[PDB]
Each structure stands twice: as structure tokens, then as C-alpha cells.
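Asker: Quick one: this structure, given as C-alpha cells, is what I'll be asking you about.
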6 protein chains.
Amino acid sequence: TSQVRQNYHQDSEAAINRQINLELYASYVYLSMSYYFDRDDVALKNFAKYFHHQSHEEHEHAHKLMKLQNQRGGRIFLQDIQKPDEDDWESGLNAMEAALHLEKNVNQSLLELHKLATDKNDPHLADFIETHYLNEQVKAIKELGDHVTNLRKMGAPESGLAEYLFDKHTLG
Amino acid sequence: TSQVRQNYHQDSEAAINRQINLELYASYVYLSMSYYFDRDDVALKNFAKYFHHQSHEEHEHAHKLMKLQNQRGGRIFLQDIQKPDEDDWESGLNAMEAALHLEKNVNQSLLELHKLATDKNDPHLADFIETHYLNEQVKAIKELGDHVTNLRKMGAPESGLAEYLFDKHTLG
Amino acid sequence: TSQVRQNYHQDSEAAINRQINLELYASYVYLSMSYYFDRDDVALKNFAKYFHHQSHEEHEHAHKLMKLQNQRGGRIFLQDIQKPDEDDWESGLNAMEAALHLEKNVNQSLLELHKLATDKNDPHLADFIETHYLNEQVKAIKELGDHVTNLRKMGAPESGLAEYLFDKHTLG
Amino acid sequence: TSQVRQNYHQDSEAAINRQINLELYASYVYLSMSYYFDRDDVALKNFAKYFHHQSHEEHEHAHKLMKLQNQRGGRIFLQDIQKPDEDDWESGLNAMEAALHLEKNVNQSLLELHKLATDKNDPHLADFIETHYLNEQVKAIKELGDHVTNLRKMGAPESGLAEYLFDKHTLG
Amino acid sequence: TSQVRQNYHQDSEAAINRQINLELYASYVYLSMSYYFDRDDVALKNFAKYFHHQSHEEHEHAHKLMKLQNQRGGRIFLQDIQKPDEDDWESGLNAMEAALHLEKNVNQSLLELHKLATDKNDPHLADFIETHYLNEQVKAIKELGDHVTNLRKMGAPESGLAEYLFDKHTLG
Amino acid sequence: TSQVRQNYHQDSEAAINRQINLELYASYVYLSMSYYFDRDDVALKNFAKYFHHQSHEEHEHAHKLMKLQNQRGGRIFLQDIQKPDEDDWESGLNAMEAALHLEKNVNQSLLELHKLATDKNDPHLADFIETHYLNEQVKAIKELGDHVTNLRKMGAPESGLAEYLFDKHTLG
Ligand SMILES: [Ca+2]
Ligand SMILES: [Ca+2]
Ligand SMILES: [Ca+2]
Ligand SMILES: [Ca+2]
Ligand SMILES: [Ca+2]
Ligand SMILES: [Ca+2]
Ligand SMILES: [Ca+2]
Ligand SMILES: [Ca+2]
Ligand SMILES: [Ca+2]
Ligand SMILES: [Ca+2]
Ligand SMILES: [Cu+2]
Ligand SMILES: [Cu+2]
Ligand SMILES: [Cu+2]
Ligand SMILES: [Cu+2]
Ligand SMILES: [Cu+2]
Ligand SMILES: [Cu+2]
Ligand SMILES: [Cu+2]
Ligand SMILES: [Cu+2]
Ligand SMILES: [Cu+2]
Ligand SMILES: [Cu+2]
Ligand SMILES: [Cu+2]
Ligand SMILES: [Cu+2]
Ligand SMILES: [Cu+2]
Ligand SMILES: [Cu+2]
Ligand SMILES: [Cu+2]
Ligand SMILES: [Cu+2]
Ligand SMILES: [Cu+2]
Ligand SMILES: [Cu+2]
Ligand SMILES: [Cu+2]
């Protein structure tokens with residue numbers, strides 16, 4: 001047992017390791033999306049930039065969790081970062097919809113993690129999740145929702161003009 | 001034989017003279033395109049600006065080759081710069097497609113030149129082509145590809161609105 | 001076939017996809033190492049900083065390859081990023097030795113990729129590997145070699161004092 | 001007929017197209033001269049710089065005419081840019097003499113163009129030629145005359161010392 | 001075998017040691033030339049400055065090769081730096097001609113080294129030679145060629161006035 | 001006999017030529033030492049920097065002597081720069097000890113040169129040696145002595161830790 005370990009349940013330690021992997025997975029999904037929009041037959045550079053930014057945001061999310069694991073005296077056990085479910089993301093709208101779904105999945109995991117922290121009477125871990133993750137999730141979900149709505153109302157994905165104009169006026 | 005000449009095959013010297021002409025030809029094509037978009041019945045000033053820039057880029061490509069010829073002790077023999085295949089470039093999309101085709105043709109010539117340099121064991125010439133030309137070609141081809149894709153997806157060439165908006169939002 | 005694709009063999013495209021994965025793997029190994037030195041029972045913060053820097057360097061290596069894939073009209077196919085071979089990296093010296101081994105493995109892959117590019121007469125790809133990868137590898141390998149030597153001569157890994165002083169005087 | 005076309009004779013339109021070609025030809029002659037002085041067995045870098053400058057001056061002359069063609073609702077029809085009459089320009093003095101001859105030929109063409117504009121009662125075209133071309137010609141001819149005189153009086157082309165000193169003291 | 005050594009043939013290592021010596025020799029030749037022009041009975045201080053600069057350029061060439069040897073895990077074995085073939089360099093023109101000959105000899109050695117690297121499938125070494133040496137050679141050879149031409153055309157070496165004026169107007 | 005020559009004995013001229021060679025030799029020894037510490041299996045970069053600095057100091061020593069030779073109307077006759085006595089310098093301490101020995105040898109030569117100048121009643125040469133060389137020698141010898149002492153007292157060469165710490169705290 002670590003010299004720093006105090007009030008840190010083995011279940012919480014395991015849950016943190018799982019969340020680390022999920023954040024790294026989310027980062028990979030966004031990296032995949034970024035380079036899809038970099039394709040010569042897609043060519044939406046601000047979509048590419050947007051998802052690249054999201055990829056690095058997820059990387060920071062993974063960082064804070066790995067730091068937390070060591071702070072609490074838990075031990076980091078990394079797992080494979082699974083390849084994303086798609087190679088071809090179809091369109092700007094589809095990518096935004098897939099991102100929205102991803103963020104709701106990540107949020108669900110974090111809410112489960114918060115419940116576990118509460119159940120194990122770990123207020124430090126509970127507050128860590130609240131302070132650094134829960135509102136970040138809500139903000140991300142709202143933003144992606146907003147983006148999906150605009151694209152749909154503009155005529156995407158059928159209208160290539162819509163996706164082009166959104167790339168220029170919202171993501172640029 | 002020039003006092004500076006060393007490891008420079010007569011075939012390479014001839015190939016360099018041909019490439020000089022091709023770069024000057026490419027510059028002329030782009031100049032032609034530039035002024036097509038300057039026409040009162042076309043009036044796409046950022047298309048005009050874009051192709052004008054490309055024309056001067058090609059001029060620099062010709063410069064470096066003429067400099068190389070003299071550096072290696074070869075002798076510059078200029079030929080006619082042939083007029084472009086078209087006087088009327090039809091549309092923004094058609095011009096971009098024609099430019100893409102042109103750049104792939106120029107690239108093919110450079111790849112043949114590189115093969116010749118390799119065959120004649122001329123690593124200086126081989127590296128000159130690699131350093132200053134091959135990636136410039138790849139970058140140009142990718143950019144033009146990106147532009148063609150956007151214009152097509154936006155509804156060009158039938159949509160004059162598409163070409164107008166692309167002129168303003170991508171080339172401006 | 002992509003509109004931009006020219007002189008780009010399917011074998012090269014596949015090799016590029018494999019290299020993308022290897023660079024992402026290297027980034028993951030370094031991230032793992034970084035947080036090992038962040039442990040309360042290891043506590044070498046400049047080792048942690050050093051490997052974190054290397055992790056982001058590898059991330060950039062992956063970026064340039066993904067960009068290259070799209071530049072040439074190839075298609076990015078991502079695979080799982082495998083977890084590193086170790087969870088516990090033992091010591092500063094062992095981590096440096098493992099990094100050295102990793103870099104020689106990455107270098108071997110790149111040399112094989114260069115040979116393939118040469119065999120397929122793809123001088124653009126050959127020069128891409130030379131310009132952006134081969135010397136970066138040689139520099140990384142030399143640096144890690146230097147670090148291993150210092151640590152060994154100082155008395156690592158048995159001497160915790162040696163690893164502490166190296167952390168402060170070389171990596172700080 | 002162009003929506004902008006007014007008082008613009010078809011003969012004038014044709015004459016403008018011919019002048020565009022002549023200006024591009026002059027630019028090519030000067031480019032050829034520039035690189036002749038860049039040869040290792042000539043090596044007069046300020047002669048090279050001087051003619052390069054003249055080449056770009058001619059390029060601007062062609063620009064203004066192409067702009068004029070579109071301004072008036074005429075249509076640009078480009079022709080081959082003929083290679084210069086010489087590959088080897090012999091000496092600094094000979095190049096200056098050839099340039100002088102070229103400029104008098106270009107001037108003759110412009111004076112004929114002005115006469116045509118007057119004959120067709122096109123005062124806009126007449127003034128365009130006067131404002132942007134006629135005095136530019138007179139200035140160029142005088143300058144080249146001055147240069148020829150100096151070189152001759154100094155002992156060129158027999159004196160390589162004369163051409164060297166002129167390169168340094170007048171063109172540098 | 002060095003811990004860093006990878007894909008580095010013993011023949012290449014030996015060739016690098018030979019090239020190190022040749023670069024140091026070239027530096028010595030230029031140092032000798034520099035001080036010849038410093039003599040009271042020669043007194044061409046800009047010739048002296050020019051060759052001194054070249055001497056330090058060669059010193060840097062030797063540096064990069066010694067660095068390369070260690071980078072690749074080869075071992076530096078230095079040899080005698082042979083005294084130059086002349087003590088008295090006769091004239092500015094003769095020194096420039098001797099320098100031209102020297103640079104073509106150094107270039108020949110580097111081209112042989114490049115061929116060896118290619119034959120041993122060492123693309124890192126091949127690119128090292130291309131990037132840092134081959135064009136530097138071509139540039140040096142062209143410059144010296146230019147200088148020889150000017151001096152000859154001005155009347156050197158018989159004309160002491162020619163050498164004096166060249167010292168002042170080209171090398172100053 | 002040079003027009004500038006006055007009170008300059010042929011023996012002094014010869015002695016100066018010998019000293020020029022010795023200073024160049026010293027520069028070569030230090031260059032050799034510098035790159036020994038650049039080896040991946042030595043890796044003491046501040047030792048490398050220190051000896052590199054000393055190498056360029058010796059180069060300046062050679063410069064002043066070559067200048068002196070010409071100032072006095074003597075004639076520079078260069079000889080081979082002999083390779084150093086060692087390829088492998090063993091350790092930081094051994095290199096410092098070898099440098100100390102070298103500097104005492106150079107000093108002995110200069111003291112002999114001073115005696116010759118005195119014997120030939122050449123006060124200019126005597127003062128040249130005093131002003132620019134004798135105290136520089138004493139300073140170099142003292143510094144190297146100081147360095148040897150520190151390394152010995154710290155536990156070098158057996159202690160790799162000692163050499164590492166000296167590299168960081170004295171030479172850095
Ligand atoms: Ca999987
Ligand atoms: Ca034709
Ligand atoms: Ca696995
Ligand atoms: Ca013709
Ligand atoms: Ca008027
Ligand atoms: Ca007027
Ligand atoms: Ca000898
Ligand atoms: Ca290359
Ligand atoms: Ca290269
Ligand atoms: Ca010897
Ligand atoms: Cu990134
Ligand atoms: Cu996240
Ligand atoms: Cu997220
Ligand atoms: Cu222009
Ligand atoms: Cu080009
Ligand atoms: Cu191009
Ligand atoms: Cu990071
Ligand atoms: Cu990498
Ligand atoms: Cu790496
Ligand atoms: Cu130009
Ligand atoms: Cu003109
Ligand atoms: Cu003109
Ligand atoms: Cu003057
Ligand atoms: Cu010097
Ligand atoms: Cu060199
Ligand atoms: Cu050189
Ligand atoms: Cu140096
Ligand atoms: Cu000295
Ligand atoms: Cu000394």
C-alpha cells in the first residue's frame with residue numbers, strides 16, 4: 001500500500017483506470033475525425049481543426065486522471081486504446097452526431113464513477129469528478145447539440161453547401 | 001566543357017532545359033486563368049488573385065532550374081512558351097480541374113527527371129528535385145484537389161452562387 | 001482512386017498506416033513512462049517531464065504521417081494502440097534503456113519503409129522519410145545512449161542518489 | 001458584345017492582343033539575358049540583376065495591357081511567347097545594344113498602336129498608351145543608350161576589365 | 001559495438017574518417033592561402049579575408065562529420081593533416097584556380113561517399129551527404145568558377161591592377 | 001630579403017615556423033579530446049565544450065604567429081599537423097592530465113623561443129612572446145592543474161559520478 005493512500009477504495013482505483021482508457025479512446029476518435037476532414041475528397045479544414053482541438057482536450061482529461069491516480073496512491077494500469085468504430089465519418093453532420101453520442105457515453109461513465117465515489121464515501125474523488133469533469137461534459141454536449149442543430153437546419157448532410165458554410169462561419 | 005562541370009550528364013542538362021520550359025508554360029497557363037476571372041462576364045477577383053499567385057510561383061520554379069543549370073555548368077537553351085490549351089476557362093471549377101491536371105503533368109515530368117538523375121548517379125540533381133520540387137508538387141496537387149472537392153460539393157459549376165461564395169470564403 | 005493520387009503504391013499506403021500506428025504506440029510508451037516517474041514511490045519529476053516531452057514528439061511524428069497519407073491520396077486506417085510491455089518501468093536507467101530499444105525498433109521500421117519507397121520508385125516518399133524521420137531517429141538514439149551511459153557511470157540503478165542527481169542536473 | 005464595351009474597335013482589340021505578346025516576348029528576352037550573365041564563364045552579377053529587373057518591368061507592361069483589354073470589354077487571346085533570337089549574348093555591351101534595339105522595336109509598335117487609337121477616335125486608348133507606355137519607352141531607350149556609350153568609351157567588349165568595372169560602378 | 005549503432009557499415013565508418021581528414025586538409029590549404037595574401041609582397045587583404053572565411057567553412061564541414069561519426073556509433077580515427085602542395089600561391093588567380101581544383105576533388109570524394117552509402121543501403125548517411133555537403137560543393141565550385149572568370153577577363157595574373165581591383169570590388 | 005625585414009634572424013624565422021606547427025598541433029589534440037567526450041559511451045558534453053574552446057584558443061595562438069611571421073618579413077612554411085598520440089583519452093581526468101602535459105611542452109618551446117630572441121637581440125620578438133604567450137601559458141597550466149586536482153580529490157577516474165558532477169558544476 002502506498003504511503004500516500006488514504007480513503008481510496010480499490011474499486012475507485014479500478015474505475016479511474018477504466019476512465020483513463022475511455023478519455024484516451026475519446027481522444028483517438030477525435031483524431032480520426034480530424035483527419036477524415038483533411039481528406040482531399042472531404043476538405044473541410046475547420047471541421048478538421050475543431051476535432052483536432054477536441055482530441056487534445058481529451059488528452060488533458062486523461063492527464064488529470066492519471067495525475068489523480070498517483071495523487072491518491074493508486075496505480076496506473078493502461079490498456080489498449082481501441083480504434084474508433086468508423087474509418088469513414090460520412091459527413092460533417094454525421095461526425096457531430098457521433099461526437100454527441102460519444103460525449104453522452106463518456107458522461108454516463110463519469111456519472112457512474114461519481115456514484116461509486118459517493119457510495120465509497122470518497123468526497124475528494126467525488127469533488128474531483130464534479131470540478132473537472134461533469135460541467136465540462138455538459139458544456140461539450142450542449143456545444144455539439146448546437147452544432148448538430150445548425151447543420152440540420154441548414155440542410156446537411158445532403159447540402160454540401162451547408163457543411164461548407166458552417167465550416168467557414170461557425171468553426172472558422 | 002565548363003570549368004565547374006562535374007558528374008553532370010548531357011541527358012540531365014537536356015532534361016533540365018525541358019523542365020525550365022514546362023515551368024514557364026505552367027506560369028503562362030496560370031496567367032491566362034488569372035485574367036479569365038478578371039473578365040467583366042466572369043468577375044471572380046479572388047480566383048484571379050489565386051491563379052496570379054500560382055503564376056508567380058511557377059516563375060520561381062523556372063528560376064531555380066535556370067540557376068541550377070548554370071550552377072552545374074550546363075547551358076540554358078530556351079524554347080517557345082506555348083500558349084495554353086484554352087482561351088476560355090469556362091468556370092472556377094473547370095479552371096481548378098485544369099490546374100490539377102496541369103500539376104499532375106508537371107509532377108510526372110519531375111518524377112521522370114528524378115529517375116534520370118538516379119540512373120545517371122547524380123545525387124546532387126536527385127536531391128535538388130526532391131528538396132525544391134517533389135513536395136511542392138504534392139502540396140499543390142492536394143490544395144487543388146481540396147478546392148475541386150469544395151466547389152463540386154457546393155454545387156459548381158451550375159451554381160454561380162457556389163463559385164461566388166468559394167471565391168469569398170476560401171480564396172479571399 | 002483519389003483525384004490526387006500519383007505514383008503512390010498500395011504497399012506504401014499500407015506501410016504508412018502501419019508506421020502511423022507505431023508512432024502512436026511510441027507516444028503511449030512514453031506517456032506510460034512519464035507517469036511511472038510521477039508515482040509517489042519513484043518521484044523523479046524531470047524524468048517524468050522528459051518522457052512526457054518525448055510522448056508529444058511521437059504524437060507529432062504520427063501527425064506528419066497522417067497528413068502525408070492524405071497528401072498522397074492514400075486512406076488512413078487506424079488500428080488499436082497497444083498498451084506498453086510494462087506497467088512498472090523499474091528505474092530511470094531501465095526506462096532509458098527501454099526507450100533506446102524502442103527508438104531502434106522505430107528506426108528499423110522507418111528504414112524498411114524507406115527501402116520500400118525506393119523499391120517502388122517513390123522519391124517523394126523516400127525524401128519524406130529522410131527529411132522528417134531518419135535524422136530525428138539518429139538524434140533520439142544518440143541522446144538516449146548518452147543518458148544511459150551517464151546513469152550507468154554514475155552508479156544507477158542501484159544508486160538512488162545517481163538517478164536523483166541525473167534528474168536534477170541533466171533532465172532539469 | 002461585352003456589357004462594358006464602348007467605343008472600342010475590333011482592330012484596337014486585336015492590336016492590344018499583339019502588344020500583350022510583344023511585352024511578354026520582351027520579358028523573355030531580358031530573362032534570357034539575365035541568366036547569360038549568371039553563367040560561370042561570364043559572371044557579371046549586376047548585369048544579371050539589371051536584366052532580371054527589366055524582365056519584371058516588361059511583365060508589368062503586359063499586366064496593364066491585359067487589364068486594359070478586360071476593362072474595355074475586349075477579349076484576351078494569348079499566343080506563343082517566342083524564344084529570343086540568341087542563346088549566347090556575347091558580352092555586356094552586345095546585350096545592351098540588343099536591348100536598345102528591342103526597346104526601339106517595342107516603341108515602334110506602341111507608336112503604331114497610338115496611331116490606330118487616334119484613327120479610330122479612341123482617346124481613352126490613346127491616353128492609356130501615352131500615360132503608361134510612351135515615356136516609359138523613351139526613358140528605357142535613353143538609359144540603354146547611356147549604358148552602351150559608357151561601355152564603348154570604357155573599351156568594351158574587348159576589355160573584360162571595362163565590363164567588370166561597369167558592372168560594379170553603374171549596375172551595382 | 002556501440003549501443004547506438006544501427007545500419008552503419010564498417011566501410012562507411014572508414015569513409016567518414018577519410019572525409020574528416022580531407023575537410024581538415026581543405027581548411028589547412030585555405031589557411032595557407034589566406035596568409036600568402038597577408039605577405040608584404042602580395043598585400044591583398046580581401047583575398048586574405050576570403051580564404052580565411054573558406055578555412056573556417058571547411059572547419060565546420062569537418063565538425064559535422066565528426067558529430068555524424070559519433071551520432072551513428074562509429075569511432076573517430078584522426079590522421080595527419082598534410083601540408084598543402086604549395087607554400088607560394090603565385091597570384092590571386094592561381095589561388096582561385098587551385099581552390100577550384102581542390103573543391104572538385106572534395107566533391108569527387110563526397111560523391112564516392114554517397115555512392116557507398118547507397119550501395120550499403122544507408123539512407124540516413126546518403127541524406128546527410130546530400131543535405132549538408134553536395135549543394136555546398138556545387139555552390140563553392142560555382143563561386144570559385146565565377147571568381148576565376150572575372151580575374152582572367154580583367155587581365156590577371158599579369159595585371160597586378162586587375163587583382164587589386166578584384167580584391168576591392170568583389171572580395172571587399 | 002623582404003622590404004620590411006629588420007633585425008630578424010633566420011633562426012628566429014625558423015623557430016616561429018616550428019611554433020606555428022606546435023600551436024596547430026595543440027589545436028588538433030584539443031579537437032580530438034572534444035569529440036572523445038562527444039562519444040555515446042563517454043557523454044560528457046561540458047568536457048566536450050571545454051576542449052573545443054581550447055582548440056579554438058590554440059587556433060588563435062597559431063594566427064598571431066603567422067601574422068608575426070609576415071609582419072617581420074619572414075616566410076611561413078607550414079608542415080604536417082601530426083595526429084594526437086591517443087585516439088581514446090580514457091577519462092575526464094586523463095584528458096586533463098594530458099592537456100596539462102601538452103601545455104607544459106608548449107610552454108617549454110615558447111621559453112626556448114624567448115631565449116633565442118634574447119640571444120639574437122630581438123626585443124620585438126622577445127616582447128611578442130612575453131605579451132601574447134608566456135602568461136597565457138601560465139594561466140592555462142594553472143587552470144588545468146586546478147581541474148586535475150578537483151577531479152582527483154572527487155574520486156576520478158574510478159568514480160564516474162565524480163566526472164559527471166565536475167562536468168556539471170565546473171565546466172558547465
Ligand atoms: Ca480492437
Ligand atoms: Ca504554338
Ligand atoms: Ca493488447
Ligand atoms: Ca519559335
Ligand atoms: Ca494626353
Ligand atoms: Ca495625356
Ligand atoms: Ca607530409
Ligand atoms: Ca534526399
Ligand atoms: Ca533529401
Ligand atoms: Ca604522422
Ligand atoms: Cu494532435
Ligand atoms: Cu473527456
Ligand atoms: Cu469529451
Ligand atoms: Cu504577374
Ligand atoms: Cu512548378
Ligand atoms: Cu505548379
Ligand atoms: Cu500529454
Ligand atoms: Cu517517432
Ligand atoms: Cu521516437
Ligand atoms: Cu524573375
Ligand atoms: Cu515594355
Ligand atoms: Cu521595355
Ligand atoms: Cu571603384
Ligand atoms: Cu582562423
Ligand atoms: Cu568542405
Ligand atoms: Cu570546400
Ligand atoms: Cu571547432
Ligand atoms: Cu597555444
Ligand atoms: Cu595552449
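Residues in the C-alpha cells are numbered from 1 in each chain, the chains being A, B, ... in the order shown, and ligands are numbered from 1 in the order shown.
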For chain B against chain C, which residues fall within 7 Å using only C-alpha atoms, given as a count of residues only?
Answerer: 8
Asker: Could you pull out the residues in chain C that DSSP calls helix (DSSP H, G or I) from the backbone, as a PyMOL selection string?
Answerer: chain C and resi 10-36+45-71+92-119+123-154+160-169
Asker: Residues within 7 Å of segment 10-20 of chain A, please, as an MDAnalysis selection string. Count only C-alpha atoms; anything in the same chain fewer than 4 positions from it doesn't count.
Answerer: chainID A and resid 24 62 65:66 69 74 76:78 113 116:117
Asker: Counting only C-alpha atoms and all ligand atoms, what are the residues, protein, DNA or RNA alike, that approach ligand 22 to within 12 Å? I want them as a PyMOL selection string.
Answerer: chain D and resi 19+22-30+51+53-62+98-110+132-144
Asker: Can you measure atom CA of residue 34 of chain C to atom CA of residue 50 of chain C for me? One decimal in Å is fine.
Answerer: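 Separation between atom CA of residue 34 of chain C and atom CA of residue 50 of chain C: 7.4 Å.
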Asker: Give the residue list for ligand 4 at 10 Å, counting only C-alpha atoms and all ligand atoms, as a PyMOL selection string, sorted by chain and then by residue number.
Answerer: (chain B and resi 79-82) or (chain D and resi 80-85)
